[PDB]
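*Asks:* Before I ask anything, here is the structure I am working with.
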Amino acid sequence: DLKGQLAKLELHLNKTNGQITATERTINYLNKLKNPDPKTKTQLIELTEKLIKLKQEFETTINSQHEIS
Amino acid sequence: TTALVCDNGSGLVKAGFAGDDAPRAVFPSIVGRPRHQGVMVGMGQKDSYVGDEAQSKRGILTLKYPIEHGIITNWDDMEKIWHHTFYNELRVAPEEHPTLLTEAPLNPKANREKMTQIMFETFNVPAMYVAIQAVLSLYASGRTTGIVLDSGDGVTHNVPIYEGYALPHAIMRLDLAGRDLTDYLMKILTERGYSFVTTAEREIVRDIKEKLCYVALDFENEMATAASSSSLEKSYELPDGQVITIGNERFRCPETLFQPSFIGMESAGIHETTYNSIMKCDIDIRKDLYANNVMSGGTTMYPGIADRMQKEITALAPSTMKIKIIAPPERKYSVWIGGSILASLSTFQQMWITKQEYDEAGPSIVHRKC
Amino acid sequence: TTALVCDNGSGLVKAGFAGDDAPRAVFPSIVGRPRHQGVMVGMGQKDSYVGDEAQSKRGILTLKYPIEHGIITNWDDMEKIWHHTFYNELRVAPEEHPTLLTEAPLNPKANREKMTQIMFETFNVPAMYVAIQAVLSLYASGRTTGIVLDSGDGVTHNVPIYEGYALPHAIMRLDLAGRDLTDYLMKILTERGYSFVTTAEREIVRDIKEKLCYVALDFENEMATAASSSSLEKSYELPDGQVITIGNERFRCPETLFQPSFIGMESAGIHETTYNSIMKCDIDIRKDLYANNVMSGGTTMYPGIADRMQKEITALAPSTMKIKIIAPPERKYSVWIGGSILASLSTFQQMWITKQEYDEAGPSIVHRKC
Ligand SMILES: Nc1ncnc2c1ncn2[C@@H]1O[C@H](COP(=O)(O)OP(=O)(O)O)[C@@H](O)[C@H]1O
Ligand SMILES: Nc1ncnc2c1ncn2[C@@H]1O[C@H](COP(=O)(O)OP(=O)(O)O)[C@@H](O)[C@H]1O
Ligand SMILES: [Mg+2]
Ligand SMILES: [Mg+2]
């Protein structure tokens with residue numbers, strides 16, 4: 001069971017990292033804009049918050065995986 | 001919902017979902033048909049293999065490429081490729097999600113219409129959009145002012161943009177790409193004794209190209225060094241347990257890019273096309289385009305292409321101007337990485353072409369924004 | 001002085017002097033080695049027969065071909081052939097006169113160097129030159145604009161020229177020639193009961209091919225006519241007083257030229273290669289090449305090949321365009337007839353490679369003009 005749950009934790013960590021990469025790329029594009037469309041102004045904030053949430057989720061997942069180890 | 005972002009290419013198919021960092025599936029765009037009789041009973045007949053299974057069983061198949069030079073020649077094969085991508089590879093029904101496709105600039109009009117019809121009447125997607133390959137690169141790069149230099153298989157094109165105002169008269173297109181380099185590699189490998197003729201042997205030559213090639217900083221000096229000594233030699237192994245030994249041909253294949261007269265063509269090297277594109281724009285924006293060059297496509301993965309590009313452009317361009325070649329890693333997927341970003345954007349979610357719009361307006365709809 | 005013009009071929013050797021209308025000597029390029037013990041005393045043990053005497057005593061010899069597919073495989077046998085040609089056959093010492101040789105296009109580099117060394121260090125000729133087989137055909141034909149289609153034993157190649165500017169990227173090469181036809185003739189003669197296995201039996205099959213073969217204008221109708229009636233039957237006599245009776249196989253052997261899928265190959269017929277070569281040149285010169293086609297080599301002596309070639313090319317090529325197949329008689333020696341003419345020309349007498357030039361520059365000399 002220990003090995004299986006460790007594997008599932010690894011998979012979840014991989015998925016989280018994959019999401020972080022895309023969100024960072026989108027924010028990197030959106031930052032350069034100078035007079036963004038009103039919708040983009042809110043989308044930028046939404047993405048900025050989502051990146052944070054994903055980062056703490058990643059920290060928690062890696063901490064749990066290490067604790068199993 | 002998630003919007004698929006397929007990139008039908010000239011030599012590979014990359015299909016995936018929006019909001020990702022890599023294509024979900026990647027596989028060659030070939031169709032193989034059996035060549036021999038077939039003697040065993042029970043096997044279960046198959047008219048044609050498609051995708052990677054064809055690449056696996058290349059021994060007894062006649063591989064064909066439905067696309068060439070960006071244009072699409074065979075339509076049944078392309079429809080087969082699309083069906084395989086949507087059902088067998090991605091494993092998602094196409095009805096629920098929209099779709100985003102990419103098409104190279106200056107292509108024939110009819111292509112766009114036929115693609116639209118095949119993506120509405122037969123597959124029944126609720127909304128489809130098509131974008132220029134070069135433009136999507138700048139989203140992945142992360143800037144707005146630049147001159148992309150997408151160089152895929154089949155063709156290579158240059159599209160300069162400034163503050164998000166694409167200049168259409170400075171766009172350039174050229175038909176020198178990886179397939180010509182593969183053919184030249186076969187032709188020059190003929191000298192040492194190794195003779196490759198069949199299509200599968202061409203596939204082997206393509207792998208040889210991918211693994212063992214590089215671009216010399218200077219050409220004549222490299223020839224002199226390779227002729228005098230014997231240090232520029234590499235050994236490769238065929239599937240049949242035979243060893244090829246490549247010498248000069250390591251840097252005579254990609255050199256065709258900068259000297260298109262090897263193949264009998266007449267156009268100028270790619271550095272000259274980039275410089276001409278830059279000098280075909282206005283006077284006030286040339287400095288910015290010099291500052292930010294961009295590379296994309298698989299063909300620009302040769303070790304040392306960035307250095308030679310920078311050196312040649314610096315030699316051609318006036319002094320007092322600073323030139324950088326933004327050449328990030330993982331450039332291979334750069335175009336695709338743009339599309340997913342473009343799909344994610346909230347504003348872009350208003351720019352699709354709904355099915356009823358195409359039903360009412362007609363085929364011309366797609367060209368209104370062309 | 002007179003300059004020898006030898007044409008080392010893939011299945012025949014033709015050697016002669018300049019300013020003539022035919023080769024002085026012509027003989028097969030084979031080497032026969034004895035197979036059995038030898039019981040009589042006083043005969044004097046020879047180790048290998050060479051040339052025509054081997055063909056005379058094929059009963060108790062194991063005939064071998066030093067050349068294959070243009071490339072030279074065995075070098076001792078080739079040197080023996082050259083020595084026999086210069087001393088026993090021509091009966092002229094090689095020191096006094098220069099020499100002109102012919103080599104097919106796209107062959108390995110090493111061949112040229114080794115031939116040069118064997119023609120300088122060992123035989124000590126005062127000057128040697130080597131020329132492409134296809135080019136010499138145009139001197140014999142009498143024109144300058146054309147697309148030769150030399151088809152010798154071993155291999156066949158196409159070289160289009162326009163105003164004496166050979167296009168190198170349009171050259172085509174293919175490994176379908178008379179030897180494959182002989183093997184196919186053996187394989188299909190197997191059906192009726194006649195079994196030929198040994199090398200001398202292959203030599204007999206080659207004679208059967210030479211005498212009784214032709215090319216049908218259309219294939220399916222010819223097969224139907226041959227099956228329905230019994231008029232397409234011929235009787236031939238073996239050396240052992242036995243009678244073979246050939247039917248359909250009369251026109252299934254040469255048909256392999258236009259349908260290379262009979263022997264398991266994958267390339268296209270020769271008409272398709274000619275059309276592709278023509279359509280790989282520039283737009284403005286295709287008409288002249290269409291007008292003036294040329295054939296050479298022994299393999300193109302099948303009765304009716306010219307008509308089928310013209311019909312196929314006319315069907316493939318666009319209308320409004322006039323096609324002729326210049327197919328003069330005595331085409332067998334056409335290539336050789338070129339060389340002698342090339343030797344005679346006063347200008348050409350400045351282009352040899354003197355012995356001291358090779359001694360100083362080194363082996364690379366020959367390749368400078370390649
Ligand atoms: N690492 C590499 N080094 C050199 N050439 C490469 C490399 N990867 C791919 N290529 C060349 O690029 C071609 C594939 O291009 P691709 O990325 O499919 O362009 P597109 O997406 O427009 O079809 C291949 O045919 C291959 O010859
Ligand atoms: N009259 C003919 N009819 C049919 N085939 C022929 C004829 N003469 C020669 N051949 C074929 O051509 C071959 C000889 O080719 P050759 O003219 O020697 O080419 P090369 O000069 O390049 O060696 C022979 O093997 C034979 O099978
Ligand atoms: Mg691409
Ligand atoms: Mg010949």
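In the structure tokens, chains take the letters A, B, ... in the order shown, each chain's residues start at 1, and ligands count up from 1 in the order shown.
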Residues of chain B that have any atom at most 6 Å from an atom of chain C: could you tabulate them with the shortest-distance atom pair and the distance in Å to one decimal, using only C-alpha atoms, ordered by chain and increasing number, as a tab-separated table?

*Replies:*
```
residue	atom	partner	partner_atom	distance
B:191	CA	C:108	CA	4.4
B:192	CA	C:108	CA	5.7
B:193	CA	C:108	CA	5.6
```

*Asks:* Using only C-alpha atoms, what table do you get, as a Markdown table, when you list each residue of chain A with an atom no more than 8 Å from chain B, its nearest pair of atoms, and their distance in Å rounded to one decimal, rows by chain then rising number?

*Replies:*
```
| residue | atom | partner | partner_atom | distance |
| --- | --- | --- | --- | --- |
| A:18 | CA | B:21 | CA | 6.3 |
| A:19 | CA | B:20 | CA | 6.6 |
| A:21 | CA | B:21 | CA | 6.3 |
| A:22 | CA | B:21 | CA | 5.4 |
| A:23 | CA | B:19 | CA | 7.6 |
| A:25 | CA | B:140 | CA | 7.4 |
| A:26 | CA | B:341 | CA | 6.2 |
| A:28 | CA | B:142 | CA | 6.3 |
| A:29 | CA | B:142 | CA | 4.9 |
| A:32 | CA | B:143 | CA | 6.9 |
| A:37 | CA | B:347 | CA | 7.8 |
| A:39 | CA | B:347 | CA | 6.7 |
| A:40 | CA | B:346 | CA | 6.8 |
| A:43 | CA | B:346 | CA | 7.2 |
```

*Asks:* So that I can see what lies close to stretch 326-334 of chain C, please list as a short mmCIF file (atom, residue, chain, number, x, y, z; two decimals) with N, CA and C atoms, in the first residue's frame the residues with an atom at most 8 Å from it, counting only C-alpha atoms and leaving out residues fewer than 5 positions away in the same chain.

*Replies:*
```
data_model
loop_
_atom_site.label_atom_id
_atom_site.label_comp_id
_atom_site.auth_asym_id
_atom_site.auth_seq_id
_atom_site.Cartn_x
_atom_site.Cartn_y
_atom_site.Cartn_z
N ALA C 22 34.28 1.98 -84.82
CA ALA C 22 33.89 0.82 -84.03
C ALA C 22 35.05 0.44 -83.13
N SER C 137 27.40 10.17 -74.90
CA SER C 137 26.36 9.79 -75.85
C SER C 137 25.95 10.96 -76.73
N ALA C 140 27.97 11.46 -79.94
CA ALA C 140 27.58 10.52 -80.98
C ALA C 140 26.24 10.90 -81.59
N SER C 141 25.29 11.33 -80.76
CA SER C 141 23.98 11.70 -81.27
C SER C 141 24.07 12.88 -82.24
N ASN C 292 13.69 16.30 -77.62
CA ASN C 292 14.89 15.53 -77.94
C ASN C 292 15.22 14.57 -76.80
N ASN C 293 14.65 13.37 -76.85
CA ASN C 293 15.07 12.28 -75.98
C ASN C 293 16.07 11.40 -76.72
N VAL C 294 16.95 10.76 -75.94
CA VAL C 294 18.00 9.91 -76.50
C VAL C 294 18.10 8.65 -75.66
N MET C 295 18.32 7.52 -76.33
CA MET C 295 18.55 6.24 -75.68
C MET C 295 19.90 5.69 -76.11
N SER C 296 20.54 4.95 -75.21
CA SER C 296 21.84 4.34 -75.49
C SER C 296 21.87 2.97 -74.82
N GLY C 297 23.04 2.35 -74.82
CA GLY C 297 23.24 1.09 -74.13
C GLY C 297 22.60 -0.09 -74.82
N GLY C 298 23.11 -1.29 -74.53
CA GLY C 298 22.59 -2.48 -75.18
C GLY C 298 21.17 -2.80 -74.78
N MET C 301 17.78 -2.30 -76.95
CA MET C 301 17.68 -2.87 -78.30
C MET C 301 16.50 -3.82 -78.44
N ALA C 306 11.07 1.73 -78.34
CA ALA C 306 10.90 3.14 -78.67
C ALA C 306 9.42 3.52 -78.72
#
```

*Asks:* Residues within 7 Å of ligand 4, counting only C-alpha atoms and all ligand atoms: report them as number ranges by chain.

*Replies:* C: 9, 151-153, 297-298, 335

*Asks:* Produce a file of the selected residues containing N, CA and C atoms, as a compact mmCIF listing (two decimals), in the first residue's frame.

*Replies:*
```txt
# COMPACT_ATOMS: atom_id res chain seq x y z
N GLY C 9 32.94 -1.72 -69.09
CA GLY C 9 31.53 -1.76 -68.81
C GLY C 9 31.20 -2.69 -67.66
N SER C 151 21.27 3.14 -70.78
CA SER C 151 20.82 1.95 -70.06
C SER C 151 21.74 0.79 -70.42
N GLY C 152 22.83 0.66 -69.67
CA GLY C 152 23.74 -0.45 -69.85
C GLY C 152 23.33 -1.63 -68.99
N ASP C 153 24.16 -2.67 -69.04
CA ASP C 153 24.05 -3.74 -68.07
C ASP C 153 24.43 -3.21 -66.69
N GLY C 297 23.04 2.35 -74.82
CA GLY C 297 23.24 1.09 -74.13
C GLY C 297 22.60 -0.09 -74.82
N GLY C 298 23.11 -1.29 -74.53
CA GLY C 298 22.59 -2.48 -75.18
C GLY C 298 21.17 -2.80 -74.78
N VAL C 335 27.94 5.07 -76.72
CA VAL C 335 28.81 5.66 -75.71
C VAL C 335 30.25 5.65 -76.19
```

*Asks:* Please give the complete set of residues from stretch 104-345 of chain C that DSSP, run on the backbone, assigns to strand (DSSP E or B), formatted as a PyMOL selection string.

*Replies:* chain C and resi 127-132+146-149+151+156-162+165-166+172-174+234-237+243-246+293-295+325-326

*Asks:* Pick out the residues no farther than 8 Å from ligand 1, counting only C-alpha atoms and all ligand atoms, and list them as number ranges by chain.

*Replies:* B: 7-14, 28, 151-155, 177-179, 181-182, 206-207, 209-211, 213, 297-303, 332-333, 335

*Asks:* Keeping N, CA and C atoms, export the residues of the selection given above as a short mmCIF file (atom, residue, chain, number, x, y, z; two decimals), in the first residue's frame.

*Replies:*
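Once written, result_15.cif looks like this:
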```
data_model
loop_
_atom_site.label_atom_id
_atom_site.label_comp_id
_atom_site.auth_asym_id
_atom_site.auth_seq_id
_atom_site.Cartn_x
_atom_site.Cartn_y
_atom_site.Cartn_z
N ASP B 7 -2.11 20.73 -34.08
CA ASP B 7 -1.21 21.39 -35.01
C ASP B 7 -0.85 20.40 -36.11
N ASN B 8 -1.72 20.30 -37.11
CA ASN B 8 -1.39 19.55 -38.32
C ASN B 8 -0.16 20.18 -38.96
N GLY B 9 0.96 19.46 -38.93
CA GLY B 9 2.19 19.94 -39.50
C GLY B 9 2.47 19.31 -40.85
N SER B 10 3.69 19.54 -41.33
CA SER B 10 4.12 18.94 -42.58
C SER B 10 4.81 17.60 -42.37
N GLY B 11 5.35 17.34 -41.18
CA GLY B 11 6.05 16.10 -40.92
C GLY B 11 5.72 15.46 -39.59
N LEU B 12 4.92 16.13 -38.76
CA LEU B 12 4.50 15.57 -37.49
C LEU B 12 3.16 16.16 -37.09
N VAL B 13 2.42 15.41 -36.28
CA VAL B 13 1.12 15.82 -35.77
C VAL B 13 1.21 15.88 -34.26
N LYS B 14 0.88 17.04 -33.69
CA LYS B 14 0.90 17.27 -32.25
C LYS B 14 -0.50 17.71 -31.84
N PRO B 28 4.01 10.82 -36.14
CA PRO B 28 4.22 11.23 -37.53
C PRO B 28 2.93 11.20 -38.33
N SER B 151 10.63 27.76 -38.80
CA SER B 151 11.20 26.90 -39.84
C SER B 151 10.81 25.46 -39.52
N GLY B 152 9.64 25.05 -40.00
CA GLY B 152 9.20 23.68 -39.84
C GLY B 152 9.71 22.80 -40.96
N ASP B 153 9.26 21.55 -40.94
CA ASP B 153 9.45 20.70 -42.10
C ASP B 153 8.58 21.20 -43.25
N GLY B 154 9.05 20.97 -44.47
CA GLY B 154 8.31 21.42 -45.63
C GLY B 154 8.66 22.82 -46.09
N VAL B 155 8.45 23.84 -45.26
CA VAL B 155 8.64 25.23 -45.66
C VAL B 155 9.16 26.05 -44.48
N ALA B 177 13.41 23.20 -46.36
CA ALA B 177 13.10 22.67 -45.04
C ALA B 177 13.73 21.29 -44.90
N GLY B 178 13.30 20.55 -43.87
CA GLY B 178 13.99 19.32 -43.50
C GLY B 178 13.97 18.24 -44.56
N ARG B 179 12.89 18.16 -45.34
CA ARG B 179 12.79 17.10 -46.34
C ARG B 179 13.89 17.22 -47.39
N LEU B 181 16.80 18.58 -46.89
CA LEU B 181 18.04 18.18 -46.25
C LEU B 181 18.16 16.66 -46.18
N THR B 182 17.06 15.96 -45.92
CA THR B 182 17.11 14.50 -45.92
C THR B 182 17.50 13.97 -47.30
N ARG B 206 16.66 9.92 -42.17
CA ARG B 206 16.16 11.01 -41.34
C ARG B 206 16.64 10.88 -39.90
N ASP B 207 16.62 9.66 -39.36
CA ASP B 207 17.15 9.46 -38.02
C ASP B 207 18.64 9.76 -37.96
N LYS B 209 20.20 11.89 -39.81
CA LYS B 209 20.26 13.35 -39.80
C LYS B 209 20.02 13.89 -38.40
N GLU B 210 18.95 13.44 -37.76
CA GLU B 210 18.58 13.98 -36.45
C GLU B 210 19.72 13.81 -35.46
N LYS B 211 20.31 12.61 -35.41
CA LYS B 211 21.28 12.33 -34.36
C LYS B 211 22.61 13.03 -34.63
N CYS B 213 24.38 15.59 -36.69
CA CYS B 213 24.54 16.77 -37.54
C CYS B 213 24.85 17.97 -36.67
N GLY B 297 10.24 26.02 -34.65
CA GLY B 297 10.29 24.86 -35.52
C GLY B 297 11.39 23.88 -35.18
N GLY B 298 11.20 22.62 -35.58
CA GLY B 298 12.20 21.61 -35.29
C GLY B 298 13.50 21.82 -36.03
N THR B 299 13.42 22.28 -37.28
CA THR B 299 14.61 22.37 -38.13
C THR B 299 15.69 23.26 -37.53
N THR B 300 15.34 24.11 -36.56
CA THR B 300 16.29 25.02 -35.94
C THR B 300 16.86 24.46 -34.64
N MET B 301 17.02 23.14 -34.57
CA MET B 301 17.62 22.48 -33.41
C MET B 301 19.04 21.99 -33.69
N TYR B 302 19.60 22.31 -34.85
CA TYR B 302 20.98 21.93 -35.13
C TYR B 302 21.91 22.63 -34.14
N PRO B 303 22.83 21.91 -33.50
CA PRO B 303 23.76 22.56 -32.57
C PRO B 303 24.62 23.59 -33.29
N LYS B 332 10.95 23.39 -30.24
CA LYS B 332 10.24 22.48 -31.14
C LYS B 332 8.73 22.65 -31.01
N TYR B 333 8.23 22.71 -29.78
CA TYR B 333 6.80 22.81 -29.52
C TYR B 333 6.33 24.25 -29.42
N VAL B 335 5.37 26.70 -31.33
CA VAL B 335 4.14 27.08 -32.01
C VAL B 335 2.94 26.52 -31.26
#
```

*Asks:* If we count only C-alpha atoms and set the cut-off at 12 Å, which residues sit around residue A:5, ignoring sequence neighbours fewer than 5 positions away in its own chain? Please answer as a list in words.

*Replies:*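 Once the nearby chain positions are removed, what remains is residues 10, 11, 12, 61, 64, 65, 68 and 69 of chain A.
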
*Asks:* Please provide the set of residues having any atom within 8 Å of residue C:15, restricted to only C-alpha atoms, with same-chain residues fewer than 4 positions apart removed, written as a PyMOL selection string.

*Replies:* chain C and resi 4-7+23-26+85+90

*Asks:* With only C-alpha atoms as the counted atoms, please give the residues lying no more than 9 Å from stretch 243-248 of chain C, apart from itself and same-chain residues fewer than 4 positions off, as an MDAnalysis selection string.

*Replies:* chainID C and resid 189 192 194 212 222:223 226:227 230:238 252

*Asks:* I'd like the neighbourhood of residue B:251 as a PyMOL selection string, where a residue qualifies if any of its atoms comes within 7 Å (using only C-alpha atoms), though same-chain residues fewer than 3 positions away should be ignored.

*Replies:* chain B and resi 213-216+248+254-255

*Asks:* Write out as a ChimeraX atom specification the set of residues from stretch 21-124 of chain B that DSSP, computed on the backbone, places in helix (DSSP H, G or I).

*Replies:* /B:52-56,58-60,75-89,109-122
